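S.K.: Next input, structure requested:
(one chain, ligands or ions: 1)
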Amino acid sequence: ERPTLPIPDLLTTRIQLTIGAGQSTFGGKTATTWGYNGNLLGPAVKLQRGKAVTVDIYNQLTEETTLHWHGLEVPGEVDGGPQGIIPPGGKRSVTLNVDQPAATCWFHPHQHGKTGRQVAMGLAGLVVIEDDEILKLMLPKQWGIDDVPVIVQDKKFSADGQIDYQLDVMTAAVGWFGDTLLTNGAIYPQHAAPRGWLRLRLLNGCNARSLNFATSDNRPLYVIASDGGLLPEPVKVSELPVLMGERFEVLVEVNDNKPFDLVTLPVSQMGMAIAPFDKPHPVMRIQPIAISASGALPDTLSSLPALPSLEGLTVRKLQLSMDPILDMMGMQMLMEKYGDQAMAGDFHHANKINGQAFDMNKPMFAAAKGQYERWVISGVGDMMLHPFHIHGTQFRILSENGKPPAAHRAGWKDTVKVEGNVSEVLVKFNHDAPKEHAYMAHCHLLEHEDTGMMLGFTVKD
Ligand SMILES: [Ca+2]
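M.R.: Numbers count the residues shown, from 1 in each chain. The coordinates are given below.
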């Protein structure tokens, strides 16, 4: 027997999110965990393009927190920038006026120095943006039945059953990773899927572990959407790498009564091919049921504007770097504890952008509003994986780590891979972020961000 896959409540849209500590059980041991309106994770907030909703956020924890609307094209005031800290027992109200295509976004704490720990404790929620366009496509759309969110996260636990989180020299170097895989908070759950097409909204919500999705019988995954929404057409893939914080929506066929698994395949990332992730690892069991769903795989999904002329656009260079000491010690501890499988394929300001660890009150530059810019992000100089996330925008990747992006990564993205080479993205910011509410750009390997690999920037007309 497997647990049934939990489905976050879809909150149709004033909304309250109460941030609080509860309890969860994993393999018969109880752990203190944190959730939005629950023990763990959070709801799926449903937003309609062009309609405003106010979100009341109440912090019932005993420590400060913040909330990042990951993927939303909103003013910097929504996250709050440096003015976004919600004290224990405090509250903050924001207004979300969505003006972007349909997409699956998400939200999560984002306080510098504490983001890894607060996500590890359980905090994460979803944002389902809908528009007029996507509803004409007749995709699978019955939430929790044939339209299913899949939030995949690893954790590790102490002997006493508690979540075993630490920001130490080793995790500052390679990230916090564990040996237990959760799917919407459950270990290897099952989902009962109607015959036809099954839509999976995939979110890599790990602190540091990259994932690579596939099916146990290697049937195709039809990618229909990236971080920022629909592709122009479905893209058939046999495997789907997903970086930390990225989302993809895929359709998979359910065409007989035999169960199969969604799995994740071993990645070439420091520390992440350690057992039990040295082999394909099940994510969830898909059990077909003898009732039809009528959702379709459309031949065409959407229209993607042409990349504009790069002639005359501002080019901003961002160099990612890691203190050489941190690299050395952290590497040595990883090798000492886990051996060769770890390579299969002060430290609190040691990770930097442009030679600077994040300074919350000094934005690095002012970006133009409503103008395309080319941002060049280099990881030359270290071998670590850095998924690079830019707030306030959905951008287009021009070069992903020294190569043009894969077709299913060539649409709307808020994250780009950087791993030893150079990426280039085309960004435009439609909304204001003054100094007091600055946007951020940062590595989404959370322990890197927490140890300085983040910058602030403003946006003004
Ligand atoms: Ca509901």
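
S.K.: Mind splitting the chain into its structural domains?
M.R.: Domain assignment for the chain by curated CATH domains gives 1-141, 142-293, 312-461.

S.K.: how much distance is there from the first one to the middle of the chain?
M.R.: Spelled out, it's domain 1-141. 12 Å (C-alpha atoms, centre = their mean, to the nearest Å).

S.K.: Okay, now that domain: how far is its last residue from its first?
M.R.: The first and last residues of domain 1-141 sit 28 Å apart, counting by C-alpha to C-alpha, to the nearest Å.

S.K.: One more: stretch 285-301?
M.R.: From the first residue to the last, stretch 285-301 extends over 28 Å; the measure is C-alpha to C-alpha.

S.K.: Residues in a beta bridge with residue 441, which ones?
M.R.: residue 390, residue 455 (DSSP bridges).

S.K.: these two touch, right, it and residue 387?
M.R.: No: counting by C-beta atoms under 8 Å, residue 387 is not a contact partner of residue 441; they are 11.7 Å apart. C-beta here means a position set from N, CA and C on the backbone, and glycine is covered the same way.

S.K.: With mean neighbour count added, can I get the domains of the chain in CSV?
M.R.: Shown next, in CSV, are the domains of the chain (neighbours: other C-beta atoms under 10 Å):
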stretch, mean neighbour count
domain 1-141, 19
domain 142-293, 20
domain 312-461, 19
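
S.K.: Out of these, flag the one nearest residue 304.
M.R.: domain 142-293 (4.7 Å; C-beta to C-beta).

S.K.: what about the closest one, how long is it end to end?
M.R.: 9 Å.

S.K.: and it, how far from the chain's centre?
M.R.: That offset, for domain 142-293, works out to 12 Å (C-alpha atoms, centre = their mean).

S.K.: Stretch 448-461 now?
M.R.: The answer for stretch 448-461 is 17 Å, by C-alpha atoms, centre = their mean.

S.K.: thinking again about what came up before, would you format the domains of the chain as TSV with distance to residue 304 included?
M.R.: Shown next, in TSV, are the domains of the chain (distance: least, C-beta to C-beta, whole Å):
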stretch	distance to residue 304
domain 1-141	10
domain 142-293	5
domain 312-461	6
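
S.K.: Tell me which of these lies nearest to residue 303.
M.R.: Closest approach to residue 303 among these is made by domain 142-293 (6.3 Å; C-beta to C-beta).

S.K.: any idea how far residue 87 is from residue 60?
M.R.: Remark: distance between residue 60 and residue 87 (C-beta to C-beta, to the nearest Å) = 11 Å.

S.K.: mind checking the backbone torsions on the most far-flung residue of the chain relative to its centre?
M.R.: Farthest-out residue of the chain from its mean C-alpha position, per C-alpha atoms, centre = their mean: residue 290, at 33.6 Å. The phi/psi pair for residue 290 (degrees, to the nearest 10) reads phi -90, psi 60.

S.K.: State the distance from it to residue 252.
M.R.: Residue 290 is 18 Å from residue 252, by C-beta to C-beta.

S.K.: what do you get for residue 273?
M.R.: Residue 273 is 25 Å from residue 252, by C-beta to C-beta.

S.K.: same thing with residue 163?
M.R.: With the distance defined as C-beta to C-beta, residue 163 ends up 31 Å from residue 252.

S.K.: With residue 29 instead?
M.R.: Applying C-beta to C-beta to residue 29 and residue 252 gives a distance of 33 Å.

S.K.: Centre-most residue in this protein?
M.R.: residue 245 (1.3 Å).

S.K.: just checking, what packs against the longest helix along the chain?
M.R.: Looking across the chain with DSSP state H, the single longest helix is helix 324-338. Applying 3 or more C-beta pairs under 8 Å, 6 or more residues apart in numbering; DSSP states H and E, one finds that helix 324-338 contacts helix 169-174.

S.K.: any idea how far residue 151 is from residue 387?
M.R.: 16 Å.

S.K.: The stretch 351-461 of the chain: helices as residue ranges?
M.R.: 446-450 (DSSP state H, counting those that start in this stretch).

S.K.: swap in the chain?
M.R.: Using DSSP H, helices in the chain cover 76-79, 115-120, 132-135, 169-174, 324-338, 446-450.

S.K.: Redo these as CSV? Include distance to residue 55.
M.R.: Converted to CSV, these look like this (distance: least, C-beta to C-beta, whole Å):
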stretch, distance to residue 55
helix 76-79, 9
helix 115-120, 18
helix 132-135, 22
helix 169-174, 31
helix 324-338, 37
helix 446-450, 23
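
S.K.: what's the closest of those helices to residue 294?
M.R.: From the helices of the chain, taking C-beta to C-beta, the stretch that ends up closest is helix 132-135, at 14.3 Å.
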